[PDB]
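In the form deposited in one PDB entry, a lone chain appears below as structure tokens.
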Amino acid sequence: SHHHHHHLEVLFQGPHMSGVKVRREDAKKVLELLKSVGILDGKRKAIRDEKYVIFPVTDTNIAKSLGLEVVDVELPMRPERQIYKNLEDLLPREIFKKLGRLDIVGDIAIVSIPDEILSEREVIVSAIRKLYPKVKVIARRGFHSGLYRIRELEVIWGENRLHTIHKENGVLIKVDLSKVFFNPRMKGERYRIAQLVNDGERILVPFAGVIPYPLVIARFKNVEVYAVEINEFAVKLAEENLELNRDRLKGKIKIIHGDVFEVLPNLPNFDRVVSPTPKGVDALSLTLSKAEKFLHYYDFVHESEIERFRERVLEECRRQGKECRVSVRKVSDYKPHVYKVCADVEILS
């Protein structure tokens, strides 16, 4: 006998060759419509010109029932392989250029998205997921708030969580970005100072957070590191991090829950002080006062202020009756015309 038409109609083996032609101002509306109705063809790319977009569809009869103009076109096939290296490869320049730098913490991607391009959130998320297929959370960042410098963060894709375990320089760092400050970009600096350190040193790190600096130093050197942190949630994670890394640390770490400006005057002095100073805070006198051989003092300085910065460090050295060599390094581009810097102070005997 013969077959039912509603069985035969699925048998055609060829590929779809049609799309719908829509005004650009209608493109987002129509893309949503095509997906909801279920006739968007994932096999092919959409294309555009100056005025119109063409979406690939799987059923032109249904497209007509949606009031859409059907066109016969030769659209590109979806890519089977990927060779994108960076975000710029996946976004138009007008969008990418407005994006802040992207940071990865554990399996969380963090990016700043100005209100002006927030309307492009979908393609931004798509681009980030493509570039980082292992990321499980994407968050939009604002500024740091409060004494603990917690970053304003909104999850815009993935799991609704801001805690993860970050890997750096051979150590494991538990972080909860909803509760503590963390600085992934300091990876190079932390490794640098860890290599400079010598076995046997006693080292102080004020403003220590979940103690990434003490962990990286103690990973590579048999030293004792005192860490001072005021945020009790950061202290908790620091304790958990110490236990998490305990069997891989050569050195020892002492975590002190407290206010740096209260704690340091009551401490003994140290061979080396490493101060990842909160932006805007001046802890130069106090941290130098605890150093016997080396201070590494981080700060944020406008380029035109860079020389004044060095002379202020030298002034404090003389003020404390110390003879020092001071070297200033640009550590990172913080924003236009402003650098994160480090004063390396060598105290001479």
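Only the largest set of C-alpha atoms that superpose within 1.5 Å between the two forms is called the rigid core. We number the residues from 1 along the sequence you see.
Another form exists, deposited in another entry; not displayed. Remarks below refer to it.
Inset, instruction - Would you indicate which listed residue, out of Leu87, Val263, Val171, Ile255, moves its Cα by 2 Å or more between this form and the one not shown relative to the superposed core? - result: Only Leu87 moves by 2 Å or more at its C-alpha.
Legend entry - Flag for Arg325, CA shift 2 Å or larger between this form and the one not shown after aligning core: No; that C-alpha moves by less than 2 Å between this form and the one not shown.
Legend entry - Did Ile306 shift 2 Å or more between this form and the one not shown, C-alpha, core superposed: No, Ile306 moves less than 2 Å.
Legend entry - Residue shift check between this form and the one not shown, rigid core fit, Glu120 Cα at least 2 Å: It does shift by 2 Å or more.
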